[PDB]
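Trainee: This one is start.tsv, TSV, C-alpha atoms.
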```tsv
chain	number	residue	atom	x	y	z
A	1	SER	CA	-98.28	-212.74	-25.35
A	2	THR	CA	-98.15	-212.80	-29.13
A	3	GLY	CA	-97.91	-210.37	-32.02
A	4	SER	CA	-98.89	-210.56	-35.69
A	5	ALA	CA	-98.06	-207.96	-38.36
A	6	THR	CA	-98.43	-207.86	-42.12
A	7	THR	CA	-95.28	-207.32	-44.15
A	8	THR	CA	-95.59	-205.72	-47.62
A	9	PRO	CA	-93.18	-205.64	-50.59
A	10	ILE	CA	-91.73	-202.17	-51.21
A	11	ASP	CA	-91.97	-202.52	-54.99
A	12	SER	CA	-93.07	-204.78	-57.84
A	13	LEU	CA	-89.88	-206.87	-57.59
A	14	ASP	CA	-90.07	-207.73	-53.86
A	15	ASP	CA	-86.75	-205.91	-53.36
A	16	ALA	CA	-87.52	-205.72	-49.63
A	17	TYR	CA	-90.49	-205.91	-47.27
A	18	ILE	CA	-91.77	-203.31	-44.80
A	19	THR	CA	-93.69	-203.91	-41.60
A	20	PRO	CA	-95.40	-201.18	-39.56
A	21	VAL	CA	-93.93	-200.65	-36.07
A	22	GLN	CA	-95.30	-198.40	-33.32
A	23	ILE	CA	-92.63	-196.43	-31.43
A	24	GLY	CA	-93.19	-194.10	-28.50
A	25	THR	CA	-96.13	-192.48	-26.74
A	26	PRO	CA	-98.32	-191.44	-28.48
A	27	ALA	CA	-97.38	-194.01	-31.11
A	28	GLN	CA	-95.27	-192.97	-34.07
A	29	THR	CA	-95.71	-195.61	-36.77
A	30	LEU	CA	-92.67	-196.26	-38.96
A	31	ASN	CA	-92.34	-198.87	-41.70
A	32	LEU	CA	-89.28	-200.98	-40.90
A	33	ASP	CA	-87.34	-203.64	-42.79
A	34	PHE	CA	-87.30	-206.73	-40.55
A	35	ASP	CA	-83.82	-208.18	-40.96
A	36	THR	CA	-82.91	-211.61	-39.58
A	37	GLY	CA	-79.32	-210.91	-40.71
A	38	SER	CA	-78.64	-208.01	-38.32
A	39	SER	CA	-79.36	-207.01	-34.74
A	40	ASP	CA	-79.94	-203.25	-34.58
A	41	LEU	CA	-83.32	-201.51	-34.51
A	42	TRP	CA	-82.55	-198.15	-36.11
A	43	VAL	CA	-84.75	-195.42	-37.51
A	44	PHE	CA	-84.74	-192.26	-39.54
A	45	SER	CA	-85.30	-189.54	-36.99
A	46	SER	CA	-85.47	-185.83	-36.20
A	47	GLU	CA	-81.68	-186.16	-35.69
A	48	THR	CA	-80.95	-187.47	-39.21
A	49	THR	CA	-78.91	-185.07	-41.34
A	50	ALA	CA	-81.60	-183.19	-43.28
A	51	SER	CA	-80.02	-183.70	-46.72
A	52	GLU	CA	-80.06	-187.47	-46.11
A	53	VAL	CA	-83.83	-187.64	-45.57
A	54	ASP	CA	-85.95	-187.92	-48.70
A	55	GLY	CA	-89.53	-188.98	-48.04
A	56	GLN	CA	-89.05	-191.29	-45.04
A	57	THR	CA	-91.21	-191.05	-41.94
A	58	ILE	CA	-89.07	-189.98	-38.98
A	59	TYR	CA	-89.10	-190.80	-35.28
A	60	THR	CA	-89.05	-187.69	-33.10
A	61	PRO	CA	-88.05	-188.71	-29.59
A	62	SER	CA	-88.85	-185.27	-28.12
A	63	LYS	CA	-92.52	-185.94	-28.97
A	64	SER	CA	-92.59	-189.26	-27.11
A	65	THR	CA	-93.33	-189.09	-23.39
A	66	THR	CA	-91.70	-192.50	-22.88
A	67	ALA	CA	-88.45	-191.78	-24.80
A	68	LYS	CA	-85.25	-191.56	-22.77
A	69	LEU	CA	-81.76	-190.83	-24.07
A	70	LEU	CA	-79.46	-193.78	-23.42
A	71	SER	CA	-76.65	-191.58	-22.23
A	72	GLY	CA	-73.30	-192.03	-23.94
A	73	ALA	CA	-74.48	-194.78	-26.28
A	74	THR	CA	-73.65	-194.67	-29.98
A	75	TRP	CA	-74.03	-197.10	-32.85
A	76	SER	CA	-72.60	-197.62	-36.31
A	77	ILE	CA	-73.36	-200.39	-38.75
A	78	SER	CA	-72.22	-201.48	-42.18
A	79	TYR	CA	-74.23	-203.99	-44.19
A	80	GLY	CA	-73.22	-206.61	-46.73
A	81	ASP	CA	-74.43	-204.47	-49.61
A	82	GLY	CA	-72.08	-201.63	-48.65
A	83	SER	CA	-74.74	-199.43	-47.05
A	84	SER	CA	-74.32	-197.96	-43.57
A	85	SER	CA	-75.83	-195.79	-40.86
A	86	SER	CA	-74.91	-194.46	-37.42
A	87	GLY	CA	-76.12	-192.30	-34.57
A	88	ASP	CA	-77.16	-192.26	-30.92
A	89	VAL	CA	-79.71	-194.23	-28.87
A	90	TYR	CA	-82.98	-193.81	-27.01
A	91	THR	CA	-85.02	-196.33	-25.10
A	92	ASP	CA	-88.74	-196.28	-25.78
A	93	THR	CA	-91.85	-198.44	-26.06
A	94	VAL	CA	-91.99	-200.45	-29.28
A	95	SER	CA	-94.95	-202.51	-30.47
A	96	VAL	CA	-95.21	-204.90	-33.41
A	97	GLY	CA	-98.58	-206.34	-34.35
A	98	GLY	CA	-99.93	-205.89	-30.83
A	99	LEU	CA	-96.82	-207.17	-29.01
A	100	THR	CA	-95.26	-204.48	-26.81
A	101	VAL	CA	-91.72	-204.17	-25.45
A	102	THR	CA	-90.90	-201.42	-22.99
A	103	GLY	CA	-87.35	-200.09	-22.74
A	104	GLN	CA	-86.39	-201.17	-26.26
A	105	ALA	CA	-83.21	-199.60	-27.63
A	106	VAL	CA	-84.27	-197.43	-30.57
A	107	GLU	CA	-81.16	-196.37	-32.47
A	108	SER	CA	-81.64	-192.89	-33.92
A	109	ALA	CA	-79.76	-192.22	-37.15
A	110	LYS	CA	-77.64	-189.13	-37.42
A	111	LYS	CA	-76.17	-190.32	-40.73
A	112	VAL	CA	-77.34	-192.79	-43.36
A	113	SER	CA	-75.69	-193.80	-46.63
A	114	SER	CA	-77.10	-192.91	-50.01
A	115	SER	CA	-78.96	-196.18	-50.63
A	116	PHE	CA	-81.05	-195.55	-47.52
A	117	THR	CA	-81.79	-191.94	-48.45
A	118	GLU	CA	-82.79	-193.01	-51.95
A	119	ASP	CA	-85.32	-195.54	-50.68
A	120	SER	CA	-88.26	-193.47	-49.47
A	121	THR	CA	-90.25	-196.57	-48.46
A	122	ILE	CA	-87.94	-197.85	-45.69
A	123	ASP	CA	-87.97	-195.84	-42.45
A	124	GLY	CA	-85.36	-198.04	-40.73
A	125	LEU	CA	-84.44	-201.62	-39.86
A	126	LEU	CA	-85.56	-203.99	-37.12
A	127	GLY	CA	-82.86	-206.58	-36.52
A	128	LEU	CA	-83.80	-210.15	-35.67
A	129	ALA	CA	-80.41	-211.90	-35.66
A	130	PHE	CA	-78.71	-212.66	-32.33
A	131	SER	CA	-78.04	-209.79	-29.94
A	132	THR	CA	-74.30	-210.55	-29.98
A	133	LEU	CA	-74.19	-208.65	-33.32
A	134	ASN	CA	-75.78	-205.48	-31.93
A	135	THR	CA	-73.50	-202.50	-32.56
A	136	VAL	CA	-74.39	-200.20	-29.64
A	137	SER	CA	-71.36	-199.07	-27.66
A	138	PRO	CA	-70.27	-199.10	-24.88
A	139	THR	CA	-73.23	-201.19	-23.69
A	140	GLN	CA	-74.54	-203.68	-26.28
A	141	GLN	CA	-78.32	-203.76	-26.57
A	142	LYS	CA	-80.88	-206.52	-27.11
A	143	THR	CA	-83.07	-207.06	-30.15
A	144	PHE	CA	-86.84	-206.64	-30.03
A	145	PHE	CA	-87.23	-210.44	-30.11
A	146	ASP	CA	-84.71	-210.99	-27.32
A	147	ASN	CA	-86.53	-208.43	-25.15
A	148	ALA	CA	-89.96	-209.94	-25.93
A	149	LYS	CA	-88.95	-213.57	-25.65
A	150	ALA	CA	-89.71	-214.30	-22.02
A	151	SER	CA	-93.21	-212.82	-22.34
A	152	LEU	CA	-94.07	-214.75	-25.50
A	153	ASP	CA	-96.33	-217.80	-25.37
A	154	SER	CA	-93.51	-219.68	-27.19
A	155	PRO	CA	-90.01	-218.27	-27.81
A	156	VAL	CA	-90.37	-218.12	-31.59
A	157	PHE	CA	-91.10	-215.84	-34.49
A	158	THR	CA	-92.13	-216.81	-38.00
A	159	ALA	CA	-91.56	-215.29	-41.43
A	160	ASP	CA	-94.18	-215.86	-44.14
A	161	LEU	CA	-93.08	-213.66	-47.00
A	162	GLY	CA	-95.24	-213.28	-50.09
A	163	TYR	CA	-94.29	-213.46	-53.75
A	164	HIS	CA	-95.46	-210.14	-55.21
A	165	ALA	CA	-97.95	-210.01	-52.31
A	166	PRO	CA	-98.13	-209.20	-48.58
A	167	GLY	CA	-97.18	-211.75	-45.96
A	168	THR	CA	-96.88	-212.02	-42.19
A	169	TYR	CA	-94.45	-211.87	-39.28
A	170	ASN	CA	-95.79	-213.61	-36.16
A	171	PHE	CA	-94.25	-213.53	-32.69
A	172	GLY	CA	-94.88	-216.12	-30.01
A	173	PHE	CA	-96.93	-218.70	-31.92
A	174	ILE	CA	-96.95	-220.91	-34.99
A	175	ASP	CA	-100.00	-220.43	-37.22
A	176	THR	CA	-100.76	-224.00	-38.24
A	177	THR	CA	-103.08	-222.75	-41.02
A	178	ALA	CA	-100.27	-220.87	-42.77
A	179	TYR	CA	-98.39	-223.84	-44.25
A	180	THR	CA	-98.98	-227.22	-45.85
A	181	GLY	CA	-97.61	-230.55	-44.69
A	182	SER	CA	-95.18	-230.56	-41.78
A	183	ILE	CA	-92.43	-228.23	-40.57
A	184	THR	CA	-88.92	-229.69	-40.82
A	185	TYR	CA	-86.56	-228.38	-38.17
A	186	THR	CA	-82.81	-228.13	-38.63
A	187	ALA	CA	-79.87	-227.19	-36.40
A	188	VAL	CA	-78.61	-223.63	-36.04
A	189	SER	CA	-75.13	-222.35	-35.21
A	190	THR	CA	-75.12	-218.99	-33.46
A	191	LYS	CA	-71.31	-218.75	-33.56
A	192	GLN	CA	-71.33	-215.89	-36.09
A	193	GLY	CA	-74.48	-214.27	-34.63
A	194	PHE	CA	-76.71	-215.38	-37.51
A	195	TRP	CA	-79.47	-217.91	-38.05
A	196	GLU	CA	-76.89	-220.16	-39.68
A	197	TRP	CA	-77.84	-223.65	-40.83
A	198	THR	CA	-76.83	-226.33	-43.35
A	199	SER	CA	-78.98	-227.19	-46.34
A	200	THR	CA	-78.76	-230.80	-47.48
A	201	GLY	CA	-78.55	-230.07	-51.23
A	202	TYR	CA	-80.31	-228.79	-54.30
A	203	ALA	CA	-81.99	-229.54	-57.61
A	204	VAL	CA	-82.44	-227.46	-60.74
A	205	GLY	CA	-85.85	-227.71	-62.40
A	206	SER	CA	-86.95	-231.30	-62.79
A	207	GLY	CA	-83.36	-232.52	-62.40
A	208	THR	CA	-82.03	-234.99	-59.88
A	209	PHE	CA	-81.34	-233.83	-56.33
A	210	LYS	CA	-77.66	-233.32	-55.48
A	211	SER	CA	-76.90	-234.20	-51.88
A	212	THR	CA	-74.33	-231.73	-50.63
A	213	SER	CA	-73.96	-229.63	-47.47
A	214	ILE	CA	-74.49	-225.90	-47.99
A	215	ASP	CA	-73.89	-223.79	-44.89
A	216	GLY	CA	-75.69	-220.45	-45.00
A	217	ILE	CA	-77.84	-217.91	-43.20
A	218	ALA	CA	-81.58	-217.33	-43.22
A	219	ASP	CA	-81.66	-213.61	-43.95
A	220	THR	CA	-84.93	-211.75	-44.51
A	221	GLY	CA	-82.99	-208.53	-45.10
A	222	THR	CA	-81.22	-209.82	-48.23
A	223	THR	CA	-83.23	-209.82	-51.45
A	224	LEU	CA	-81.58	-212.64	-53.39
A	225	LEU	CA	-80.34	-216.20	-52.94
A	226	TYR	CA	-76.50	-216.33	-52.80
A	227	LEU	CA	-74.98	-219.79	-53.19
A	228	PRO	CA	-71.63	-221.33	-54.15
A	229	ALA	CA	-70.43	-220.67	-57.68
A	230	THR	CA	-70.71	-224.34	-58.63
A	231	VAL	CA	-74.41	-224.45	-57.68
A	232	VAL	CA	-75.20	-221.13	-59.35
A	233	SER	CA	-73.45	-222.15	-62.58
A	234	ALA	CA	-75.44	-225.39	-62.65
A	235	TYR	CA	-78.68	-223.39	-62.34
A	236	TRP	CA	-77.97	-220.79	-65.03
A	237	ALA	CA	-76.61	-223.40	-67.44
A	238	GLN	CA	-80.26	-224.50	-67.80
A	239	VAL	CA	-81.31	-221.07	-69.12
A	240	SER	CA	-80.45	-220.41	-72.78
A	241	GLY	CA	-78.45	-217.23	-73.14
A	242	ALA	CA	-77.80	-216.72	-69.42
A	243	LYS	CA	-74.34	-215.45	-68.50
A	244	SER	CA	-72.43	-213.83	-65.71
A	245	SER	CA	-71.82	-210.17	-66.47
A	246	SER	CA	-69.03	-208.43	-64.59
A	247	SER	CA	-70.34	-205.07	-65.83
A	248	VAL	CA	-73.85	-205.67	-64.45
A	249	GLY	CA	-72.64	-207.44	-61.31
A	250	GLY	CA	-73.95	-210.98	-61.66
A	251	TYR	CA	-75.93	-213.42	-63.74
A	252	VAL	CA	-78.31	-211.99	-66.30
A	253	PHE	CA	-80.63	-213.82	-68.65
A	254	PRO	CA	-82.84	-213.04	-71.66
A	255	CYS	CA	-86.12	-211.57	-70.51
A	256	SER	CA	-87.82	-213.92	-73.01
A	257	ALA	CA	-86.74	-216.96	-70.96
A	258	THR	CA	-88.89	-219.26	-68.89
A	259	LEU	CA	-86.86	-219.91	-65.72
A	260	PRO	CA	-86.62	-223.35	-64.11
A	261	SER	CA	-87.45	-223.85	-60.46
A	262	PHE	CA	-84.74	-224.32	-57.82
A	263	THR	CA	-85.12	-226.79	-54.96
A	264	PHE	CA	-83.18	-226.69	-51.69
A	265	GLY	CA	-83.01	-229.37	-49.03
A	266	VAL	CA	-83.94	-229.02	-45.38
A	267	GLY	CA	-83.03	-232.35	-43.85
A	268	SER	CA	-84.96	-234.92	-45.89
A	269	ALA	CA	-87.52	-232.26	-46.89
A	270	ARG	CA	-87.46	-230.10	-50.00
A	271	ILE	CA	-88.48	-226.47	-50.61
A	272	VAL	CA	-89.23	-225.56	-54.24
A	273	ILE	CA	-88.61	-222.01	-55.43
A	274	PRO	CA	-90.71	-221.46	-58.59
A	275	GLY	CA	-88.83	-220.08	-61.57
A	276	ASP	CA	-90.83	-216.84	-61.53
A	277	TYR	CA	-89.40	-216.04	-58.06
A	278	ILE	CA	-85.93	-215.92	-59.64
A	279	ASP	CA	-86.83	-213.13	-62.13
A	280	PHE	CA	-85.73	-209.65	-61.01
A	281	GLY	CA	-86.66	-207.97	-64.24
A	282	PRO	CA	-84.85	-205.74	-66.72
A	283	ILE	CA	-81.39	-204.59	-65.64
A	284	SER	CA	-82.42	-201.05	-66.69
A	285	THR	CA	-85.75	-199.75	-67.91
A	286	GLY	CA	-86.60	-201.15	-71.33
A	287	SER	CA	-83.74	-203.65	-71.43
A	288	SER	CA	-84.27	-207.19	-72.68
A	289	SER	CA	-81.58	-208.42	-70.28
A	290	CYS	CA	-83.05	-209.47	-66.95
A	291	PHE	CA	-81.32	-209.82	-63.57
A	292	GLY	CA	-81.19	-213.22	-61.90
A	293	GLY	CA	-82.41	-213.96	-58.40
A	294	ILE	CA	-79.80	-216.67	-57.73
A	295	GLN	CA	-76.27	-215.25	-57.60
A	296	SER	CA	-72.83	-216.42	-56.51
A	297	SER	CA	-71.75	-215.99	-52.90
A	298	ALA	CA	-68.08	-216.20	-53.92
A	299	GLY	CA	-66.34	-213.31	-52.21
A	300	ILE	CA	-69.19	-212.63	-49.75
A	301	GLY	CA	-67.71	-215.24	-47.47
A	302	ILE	CA	-71.08	-216.80	-46.60
A	303	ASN	CA	-74.05	-218.29	-48.42
A	304	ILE	CA	-77.27	-216.33	-47.93
A	305	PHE	CA	-80.79	-217.75	-48.05
A	306	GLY	CA	-82.41	-214.39	-48.72
A	307	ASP	CA	-85.97	-213.50	-49.66
A	308	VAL	CA	-85.95	-215.46	-52.95
A	309	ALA	CA	-85.56	-218.65	-50.90
A	310	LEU	CA	-87.47	-217.71	-47.76
A	311	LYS	CA	-90.60	-216.51	-49.55
A	312	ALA	CA	-91.04	-220.05	-50.93
A	313	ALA	CA	-91.49	-221.31	-47.35
A	314	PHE	CA	-93.10	-220.77	-43.98
A	315	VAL	CA	-90.04	-220.23	-41.77
A	316	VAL	CA	-89.83	-220.71	-38.01
A	317	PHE	CA	-87.08	-218.91	-36.11
A	318	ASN	CA	-87.03	-220.92	-32.89
A	319	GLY	CA	-85.29	-218.97	-30.14
A	320	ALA	CA	-85.41	-221.68	-27.49
A	321	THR	CA	-82.29	-222.27	-25.37
A	322	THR	CA	-80.87	-224.24	-28.28
A	323	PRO	CA	-82.13	-222.33	-31.34
A	324	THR	CA	-83.34	-224.13	-34.47
A	325	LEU	CA	-84.91	-223.20	-37.83
A	326	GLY	CA	-88.04	-224.76	-39.28
A	327	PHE	CA	-89.18	-224.79	-42.91
A	328	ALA	CA	-92.52	-225.82	-44.37
A	329	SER	CA	-93.98	-225.59	-47.85
A	330	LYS	CA	-97.04	-223.35	-48.21
```
Can I see the file as structure tokens?
Mentor:
Amino acid sequence: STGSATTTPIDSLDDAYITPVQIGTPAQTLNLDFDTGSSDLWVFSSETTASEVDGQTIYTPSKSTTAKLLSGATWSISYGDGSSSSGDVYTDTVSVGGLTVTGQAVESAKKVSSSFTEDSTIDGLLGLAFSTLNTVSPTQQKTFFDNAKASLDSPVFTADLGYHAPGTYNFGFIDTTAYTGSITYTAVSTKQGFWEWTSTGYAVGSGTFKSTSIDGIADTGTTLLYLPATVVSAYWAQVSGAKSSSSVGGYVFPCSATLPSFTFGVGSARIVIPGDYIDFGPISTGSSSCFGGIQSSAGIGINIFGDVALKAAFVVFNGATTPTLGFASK
């Protein structure tokens, strides 16, 4: 089997991407944030504290003839950005782009933190990291991909995120029309539960390539590109007037700037992030200070190849017995 679904930016900045997901019988379609940096499929629901729901579409398990309470199971997750959610668990039928999993753990939120409530466009998350990170207790549950894997034509999914435009998540096949040139594959460590890999270096603009190992994670659920302070300083030094602002929370730059590109290495291959992808717009409405899309990972504890990086590539998440990651230009 295979599946193919369009993923759409939630706003004009590509702050996140939502993908429609069918849950239950009859189908209840919710727009979920596909997150290769976590491993829980959770939704706003009829159980979510009413004051914490503001415009989201909810899953109502009592209206699904295939929903079953997973007795005794609870979940609770905290994300890198400080947001969180928790609740109980149902199993139900879940379909993405025509690919159906029966008995998928659907984690129903009883509580969500303010950032979730305040984002009316995201009805929940669909985790695509390794199932070892799943938070359900006392019996850990599998991700949608892990459940689907054996049925797939090939044990892979691909992320093809758009810049200020829709893109595609495919399951079970590689669309050879969706990228240019060849796909370069690189080793993955699953030791921390992430799609963790090592970039071979970087360049700023038309500058020379610096060969250096940068360990990080391919994370569709993180907006920005978080890299070591040395790398980030080298980038912003090429933008007149750019500075790190402790009050704003990172590097800002004059909105009048033209940003240089940023290149990262994948083996001997190179992925170029155009400068425009690094612009996250005014820090507040009407400001002439703009927020940068490349920020320091210092104090996160890991480098994160988030959407800024991934949307410059066609990315293969290869879930074979020994997982790997593939990157192609597009």
Trainee: I want to know what sits within 7 Å of stretch 146-148 of chain A, based on all atoms listed in the file, with residues of the same chain fewer than 4 positions away left out; could you give that as a VMD selection string?
Mentor: chain A and resid 101 142 152
Trainee: I want to know what sits within 12 Å of stretch 84-86 of chain A, based on only C-alpha atoms, with residues of the same chain fewer than 6 positions away left out; could you give that as a ChimeraX atom specification?
Mentor: /A:40-45,47-49,52,73-78,106-117,124-125,135-137
Trainee: For residue A:140, which residue out of A:46, A:1, A:89, A:29 is the nearest one, using all atoms listed in the file?
Mentor: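 Comparing A:46, A:1, A:89, A:29 against residue A:140, the winner is A:89.
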Trainee: Take atom CA of residue A:15 and atom CA of residue A:33 and report the distance between them in Å, one decimal.
Mentor: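 If I compute the distance from atom CA of residue A:15 to atom CA of residue A:33, I get 10.8 Å.
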Trainee: Which of these, A:311, A:270, A:191, A:243, has the shortest distance to residue A:290 once you count all atoms listed in the file?
Mentor: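 Among A:311, A:270, A:191, A:243, it is A:243 that comes nearest to residue A:290.
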Trainee: Taking only C-alpha atoms into account, which of A:151, A:198, A:192, A:230 comes nearest residue A:3?
Mentor: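 Of A:151, A:198, A:192, A:230, the one nearest residue A:3 is A:151, counting only C-alpha atoms.
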Trainee: Name the closest residue to residue A:264 among the candidates A:12, A:199, A:132, A:208; distances are taken between atoms, counting only C-alpha atoms.
Mentor: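 Looking at the shortest contact to residue A:264, the residue is A:199.
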Trainee: Compile the contact shell of residue A:225 as a compact mmCIF listing (two decimals) with C-alpha atoms, keeping the file's coordinate frame: residues with an atom at most 8 Å away, counting all atoms listed in the file, same-chain residues fewer than 4 positions apart removed.
Mentor:
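Result file follows (part.txt):
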```txt
# COMPACT_ATOMS: atom_id res chain seq x y z
CA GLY A 293 -82.41 -213.96 -58.40
CA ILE A 294 -79.80 -216.67 -57.73
CA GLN A 295 -76.27 -215.25 -57.60
CA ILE A 304 -77.27 -216.33 -47.93
CA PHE A 305 -80.79 -217.75 -48.05
CA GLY A 306 -82.41 -214.39 -48.72
CA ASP A 307 -85.97 -213.50 -49.66
CA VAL A 308 -85.95 -215.46 -52.95
CA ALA A 309 -85.56 -218.65 -50.90
```
Trainee: Taking into account all atoms listed in the file, which residue in the set A:265, A:281, A:37, A:274 is nearest to residue A:326?
Mentor: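 Of the candidates, the smallest distance to residue A:326 is held by A:265.
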Trainee: Could you work out how far atom CA of residue A:30 lies from atom CA of residue A:102, giving the answer in Å with one decimal?
Mentor: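 Those two atoms sit 16.9 Å apart.
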Trainee: Tell me which of A:172, A:275, A:167, A:193 sits closest to residue A:206, counting only C-alpha atoms.
Mentor: A:275
Trainee: Using all atoms listed in the file, which protein or nucleic acid residues come within 8 Å of residue A:16? Drop anything in the same chain fewer than 6 positions from it, and give the result as a PyMOL selection string.
Mentor: chain A and resi 9-10+33+221-223+307
Trainee: For atom CA of residue A:250 and atom CA of residue A:201, quote the distance in Å rounded to one decimal.
Mentor: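 A separation of 22.2 Å between them.
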Trainee: Once 4 Å is added on each side, what are the centre and the three edge lengths, in Å to one decimal, of the axis-aligned box enclosing the listed atoms of stretch 134-153 of chain A? Present them as lines of an AutoDock Vina configuration file.
Mentor:
```
center_x = -83.3
center_y = -208.4
center_z = -27.3
size_x = 34.1
size_y = 26.7
size_z = 18.5
```
Trainee: Contacts of residue A:253 at 7 Å or less, counting only C-alpha atoms, minus same-chain residues fewer than 3 places along, as a ChimeraX atom specification?
Mentor: /A:241-243,289-292
Trainee: Mind listing as a PyMOL selection string all residues within 6 Å of (-97.3, -196.6, -25.0), counting all atoms listed in the file?
Mentor: chain A and resi 24-25+93
